[PDB]
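Novice: pasting an experimental structure with its sequence.
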There are 2 protein chains.
Amino acid sequence: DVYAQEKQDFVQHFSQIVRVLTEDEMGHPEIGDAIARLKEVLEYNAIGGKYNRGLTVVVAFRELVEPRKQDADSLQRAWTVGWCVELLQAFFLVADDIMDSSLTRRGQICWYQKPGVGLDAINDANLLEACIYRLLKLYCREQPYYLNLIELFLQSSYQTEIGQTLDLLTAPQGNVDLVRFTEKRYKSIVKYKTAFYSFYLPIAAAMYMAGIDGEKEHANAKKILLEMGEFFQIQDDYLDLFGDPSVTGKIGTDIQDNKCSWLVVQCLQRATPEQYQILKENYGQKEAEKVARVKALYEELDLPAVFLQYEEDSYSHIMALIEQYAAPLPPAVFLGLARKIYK
Amino acid sequence: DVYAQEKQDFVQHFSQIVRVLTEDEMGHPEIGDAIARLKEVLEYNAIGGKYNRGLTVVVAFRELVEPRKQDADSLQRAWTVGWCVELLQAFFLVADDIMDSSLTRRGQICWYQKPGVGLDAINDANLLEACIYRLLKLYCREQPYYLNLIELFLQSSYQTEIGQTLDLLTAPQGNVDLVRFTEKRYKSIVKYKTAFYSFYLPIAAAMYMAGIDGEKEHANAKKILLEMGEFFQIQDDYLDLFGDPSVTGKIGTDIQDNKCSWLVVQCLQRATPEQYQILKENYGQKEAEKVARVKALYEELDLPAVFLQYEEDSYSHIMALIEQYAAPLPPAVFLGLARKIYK
Ligand SMILES: O=C(O)Cc1csc2ccc3ccccc3c12
Ligand SMILES: O=C(O)Cc1csc2ccc3ccccc3c12
């Protein structure tokens, strides 16, 4: 497929990415040990996911830039920017795993949990961030959209950080206070912490590289992409519990982590004073018994049905948004992405 | 004095800095709680130091830009960039205190050690970083040196991070291995982790704002400033032990922290097989008895004398560097700074 076939050339470019970044020890053998540590940080944290966001940069690029203007250097730059996106995500994940004390990521042990790393992962996360800008300078220094990408990456980081701050305030590390789990807060968290960098960033980057720097073009694409981002995260929350581990490829624990999941938000709106106490006394527990009890209150409230209803209405809304805001961009850009997200 | 008088206008501008940054909740009440947290992060971590680096931006600006080209808006921008420097430092300090598990900073409790903060300080540190770029956009978006400052701040961050990585590798959190405490490693650490952002960054920023964007002008200033940075840190290490708490305003613990101090590096070069074992069995201990023992081996090796000798030779070298590389810049720019560092 569009991704399956392109995913190969994208992942293989990583070797060049790492080479070019670890090429600073060239005229500076003094920082050699630091550069080696950097290479270990990159190879462990940037590899191992699905690379969809980075891949979305490359895919969108081919659909926005004319075939002739797609020389070897242009595609080289597109692969790099796509990788910068993955780097931005690695930066967040490494730091987020530390903040929430996670044990594993992608079935693999969290970088900071590795023997000899620990809190040093904080500096490792900052380096992943810095490599984003080192790569842009190395490959797009002479491009007319150089400053655009820099500002875009910086803005995405800030949004994500703001969203993470909001998330940390909403679901503390010891406050099951369901009072703040509102739908307005949930949407705000998803928008800033996930939607902006996951859906807008990748497409916006391809846009700038294609010369589409118009503020209106970006605002129109933003309206569409932020909406897909919200649906993506809502579906992700639903699947985290009612999903099938065989298909998804992972087990959910949002309930055990007192997460401000879409499910809990729905349950809070659809619960009587008695039901509230049931959730207010089961949300955030390692007891498989207390968790299964929660999943029970959800089914009883037919949340899965609500989700199904929301999904259909969501697919309709997004299709309407695409028809209205896609132009002048090729609708395929958004349609191809929506097809991968919606079931 | 030049600083003492200007320090007032600089510190007072902070209120405007915070106002302008916390003005994002304006058209977005949704992220209000996040913006309030941000304001607490800023007011606690950016205030409380001496502000010399930020101040050095303002001072250098007045000496590089003609009096007429110093309108109210130009000085406004200079104060902001100076504050961005302080923000970059706050970002490093907050993150460094967490990484080395410090208890206090500036006599005050480390932000992350505050009740309710903890590892969330990681996200707080990333925000301080982001505010640097938000301020540059807000005040220098239309300036011709905009991209210059962005690249400068990004480069300084990367250097500092690289230097921190090197430092973490050199003096682990449980490896008193004095084998890596060489002078070449010491100089590398100081250059990347301290000199670049502390001495080059501030002056380089004033340079770009003054239109001095020449690569040669910056390379010449870099040679001078990196040298002052090295001396600054060496003197700082010496004072950390042999200094007077009344004058310095703090007690040293580099020996107790197994720091790769200039002193220990000197001691390793000036120690016989028997003396080495003495240090190899006392460096990095909380026992005031074992620490005083170390200070003893230093005095015996007349390190203070060595430092004194190094200081004089250092002042001569730096003066030679200024006479050779200052032009076309006003020598005062470097002389004023050197006068503040050298005793
Ligand atoms: O990354 C995933 O695992 C979801 C996913 C599956 S396929 C796919 C295609 C494009 C994306 C863009 C942004 C975020 C996600 C995705 C995604
Ligand atoms: O910041 C300090 O405490 C040392 C100091 C004393 S006065 C002063 C003036 C300019 C500086 C520039 C960079 C770093 C330090 C300083 C510094």
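Specialist: Perfect, thanks for sending it. Numbers count the residues shown, from 1 in each chain, chains lettered A, B, ... in the order given. Ligands and ions are numbered 1, 2, ... in the order given.
Novice: what's near enough to touch the residue in chain A that ligand 1 sits nearest to?
Specialist: Closest residue of chain A to ligand 1, CB to the nearest ligand atom: residue A:52 (3.5 Å). Every residue, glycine included, has its C-beta placed from N, CA and C. By CB atoms under 8 Å, 6 or more residues apart in numbering or on different chains, residue A:52 lies in contact with A:3, A:340.
Novice: sec struct for the most far-flung residue of chain A relative to its centre, please.
Specialist: What lies farthest from the middle of chain A is residue A:274; by CA atoms, centre = their mean that is 36.6 Å. Of the three states, residue A:274 takes helix under DSSP: H, G, I helix; E, B strand; the rest coil.
Novice: and the residue minimising distance to the centre of chain A, what is it in contact with?
Specialist: By CA atoms, centre = their mean, chain A has its centre lying nearest to residue A:198, at 4.2 Å. Neighbouring residues of residue A:198 by CB under 8 Å, 6+ apart: A:53, A:229, A:232.
Novice: right, is the helix or strand in which residue A:85 is found up against chain B?
Specialist: Taking DSSP states H and E as the criterion, the element that holds residue A:85 is helix A:72-99. Yes. Against chain B, helix A:72-99 shows contacts by CB under 8 Å from any CB of the partner chain at A:95, A:98, A:99.
Novice: the residue nearest to the first one when sequence neighbours are not counted and residue A:117, how far apart?
Specialist: What it means is residue A:95. Excluding the flanking residues, the one nearest residue A:95 by CB to CB, 6 or more residues apart in numbering or on different chains is residue A:125, at 4.3 Å. Counting by CB to CB, to the nearest Å, the gap from residue A:125 to residue A:117 is 11 Å.
Novice: residue A:225: what's it in contact with?
Specialist: A:195, A:199, A:200, A:203, A:204, A:334.
Novice: which one of those residues is nearest to residue A:60?
Specialist: The closest of the contacts of residue A:225 to residue A:60 turns out to be residue A:203 (CB to CB; 5.2 Å).
Novice: what about that closest one, how many neighbours?
Specialist: A total of 27 residues lie near residue A:203 under the criterion other CB atoms under 10 Å in any protein chain shown.
Novice: same question, the one 3 residues further on
Specialist: A count of neighbours around residue A:206, defined by other CB under 10 Å, yields 26.
Novice: three-state assignment of it?
Specialist: Per three-state DSSP, residue A:206 ends up helix.
Novice: what helix or strand is the nearest residue to it once chain neighbours are set aside on?
Specialist: Of all residues not flanking residue A:206 in the chain, residue A:60 sits nearest, at 3.5 Å (CB to CB, 6+ apart). Residue A:60 is part of helix A:52-64 when elements are defined by DSSP H and E.
Novice: pull out the buried residues from that helix.
Specialist: A:52-64 (16 or more other CB atoms under 10 Å in any protein chain shown).
Novice: which one of those residues is nearest chain B?
Specialist: Using CB to the nearest CB, residue A:53 comes nearest to chain B of the buried residues of helix A:52-64, at 19.0 Å.
Novice: wait, isn't residue A:271 in contact with residue A:301?
Specialist: Yes. The pair residue A:271 / residue A:301 is scored as a contact, 7.0 Å apart, by CB atoms under 8 Å.
Novice: name the nearest residue to the residue of the stretch 201-343 of chain A found nearest ligand 2, sequence neighbours excluded.
Specialist: Using CB to the nearest ligand atom, the closest approach of the stretch 201-343 of chain A to ligand 2 is made by residue A:201 at 35.9 Å. Leaving aside its chain neighbours, residue A:201 sits nearest to residue A:156 (4.6 Å; criterion: CB to CB, 6+ apart).
Novice: check contacts around the one you found.
Specialist: Here residue A:156 is in contact with A:88, A:196, A:197, A:200, A:201 (CB under 8 Å, 6+ apart).
Novice: can you tell me the SS state at the closest residue to the fourth one other than its chain neighbours?
Specialist: Spelled out, it's residue A:200. Closest residue to residue A:200 apart from its sequence neighbours, by CB to CB, 6+ apart: residue A:225 at 4.4 Å. At residue A:225, secondary structure determined by three-state DSSP is helix.
Novice: before we move on, the earlier item: of all the contacts of residue A:156, which comes closest to ligand 2?
Specialist: For the contacts of residue A:156, the nearest to ligand 2 is residue A:88 (31.1 Å; CB to the nearest ligand atom).
Novice: next one: the closest one from residue A:198, what distance?
Specialist: 10 Å.
Novice: so what touches stretch A:249-261?
Specialist: So stretch A:249-261 is in contact with A:100, A:107, A:167, A:170-171, A:175-176, A:180-181, A:185-186, A:189, A:237, A:239-241, A:243, A:245, A:263-264, A:283-286, A:291, A:294-295, going by CB under 8 Å, 6+ apart.
Novice: rerun that using 6 Å as the cut-off
Specialist: Contacting residues not belonging to stretch A:249-261 are listed as A:170-171, A:176, A:181, A:186, A:237, A:240-241, A:245, A:284, A:286, A:291, A:294 [CB atoms under 6 Å, 6 or more residues apart in numbering or on different chains].
Novice: just send the residues you listed back as a markdown table, with secondary structure, distance to ligand 2 and neighbour count too.
Specialist: Formatted as a markdown table, the contacts of stretch A:249-261 follow (DSSP: H, G, I helix; E, B strand; the rest coil; distance: CB to the nearest ligand atom, whole Å; neighbours: other CB atoms under 10 Å in any protein chain shown):
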| residue | secondary structure | distance to ligand 2 | neighbour count |
| --- | --- | --- | --- |
| A:170 | helix | 38 | 21 |
| A:171 | coil | 39 | 24 |
| A:176 | coil | 44 | 16 |
| A:181 | coil | 45 | 22 |
| A:186 | helix | 44 | 22 |
| A:237 | helix | 48 | 24 |
| A:240 | helix | 49 | 20 |
| A:241 | helix | 53 | 21 |
| A:245 | helix | 55 | 10 |
| A:284 | coil | 45 | 20 |
| A:286 | coil | 48 | 10 |
| A:291 | helix | 53 | 19 |
| A:294 | helix | 54 | 22 |
